[PDB]
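# kindly generate the corresponding structure for this input.
(2 chains)
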Protein chains: 2
Amino acid sequence: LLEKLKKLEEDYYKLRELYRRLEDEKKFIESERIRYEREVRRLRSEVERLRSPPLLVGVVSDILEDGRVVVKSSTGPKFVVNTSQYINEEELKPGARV
Amino acid sequence: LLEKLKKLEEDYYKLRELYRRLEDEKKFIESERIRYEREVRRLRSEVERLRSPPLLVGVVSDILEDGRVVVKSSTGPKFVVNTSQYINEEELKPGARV
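Numbering: from 1, shown residues only, chains lettered A, B, ... in the order given. Have a look at this structure:
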């Protein structure tokens, strides 16, 4: 009865202090989490963007109605390549750097 | 004295649980903190492979208005790749060693 309630009160009090004390130690940790969040995102994004396979420049030197477009590449030689579905043969005129 | 013992007991219960949620929140953050810190040091490795030798000189051929830069490499081919937020594009312009 009386004995029962006092033991509960003591035990709530005891653990209230334990959590309050721990909270502090991890508040310092949260501040750092945020710091690290900014950098996790910014670093990863700038590396993958530069790492991308170099998109070489060609100039639509010839064109055909069969899908093939002869692009004089800036490496030296010409290549005959077939264009994607993003770019269309309507967009590809002579003099068009691609 | 049942009245006395209850009043102290109810006082401590609410504070105890209030701190417990904060402790639980900030524990979870602790683990994520360590995971993300390891990732900033790993991402700095990716960054540092970009900074490492071999390196090749390029000179900027032109600036496209879409936020990409066309760089004529000293090998031959000019290539279109994205820009960084490490670098500035006010330092990039036609003839700009990079």
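# for the closest residue to residue A:5 other than its chain neighbours, which residues are in contact?
With C-beta to C-beta, 6 or more residues apart in numbering or on different chains as the measure, residue B:5 is the residue that lies nearest to residue A:5, at 4.6 Å, once sequence neighbours are left out. All C-beta atoms are positioned from the backbone trio N, CA, C, and that covers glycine. Applying C-beta atoms under 8 Å, 6 or more residues apart in numbering or on different chains to residue B:5 gives the contacts A:2, A:5-6, A:9.
# am I right that residue B:5 sits in a helix?
Yes - secondary structure of residue B:5, determined by DSSP: H, G, I helix; E, B strand; the rest coil: located in a helix.
# gap between it and residue A:91?
Computed with C-beta to C-beta, to the nearest Å, the distance linking residue B:5 and residue A:91 is 83 Å.
# one more: residue A:81?
On the measure of C-beta to C-beta, residue A:81 and residue A:91 end up 15 Å apart.
# the more surrounded of these two?
Using other C-beta atoms under 10 Å in any protein chain shown as the criterion, residue A:81 and residue A:91 rank with residue A:81 on top: 14 against 11.
# now name the helix or strand holding the residue nearest the centre of chain A.
Most central in chain A under C-alpha atoms, centre = their mean is residue A:45, positioned 4.6 Å from the mean C-alpha point. Here residue A:45 sits within helix A:2-51, counting by DSSP states H and E.
# what angle sits between that helix and helix B:2-51?
If you take axes from the mean of the first three to the mean of the last three C-alpha atoms, to 10 degrees, helix A:2-51 sits at 10 degrees to helix B:2-51.
# helix or strand next in line after helix A:2-51, which one?
Helices and strands here follow DSSP H and E; after helix A:2-51, the next one along the chain is strand A:55-56.
# quickly run through the sheet partners of that next one, with directions.
The pairing partners recorded for strand A:55-56 under DSSP bridges are strand B:78-82 (antiparallel).
# name the residues that touch the strand it pairs with?
Outside strand B:78-82, the residues that touch it by C-beta under 8 Å, 6+ apart are A:49-50, A:52, A:54-57, A:74, B:61, B:64, B:67-73.
# residues in contact with the residue nearest to residue A:62 when sequence neighbours are not counted?
Residue nearest to residue A:62 in three dimensions, not counting chain neighbours: residue A:70, with 3.8 Å by C-beta to C-beta, 6+ apart. Contacts for residue A:70 (C-beta under 8 Å, 6+ apart) come out as A:60-64, A:78-80.
# bridge partners for residue A:70, pull those for me.
Partner residues in beta bridges with residue A:70, using DSSP bridges, are residue A:62, residue A:80.
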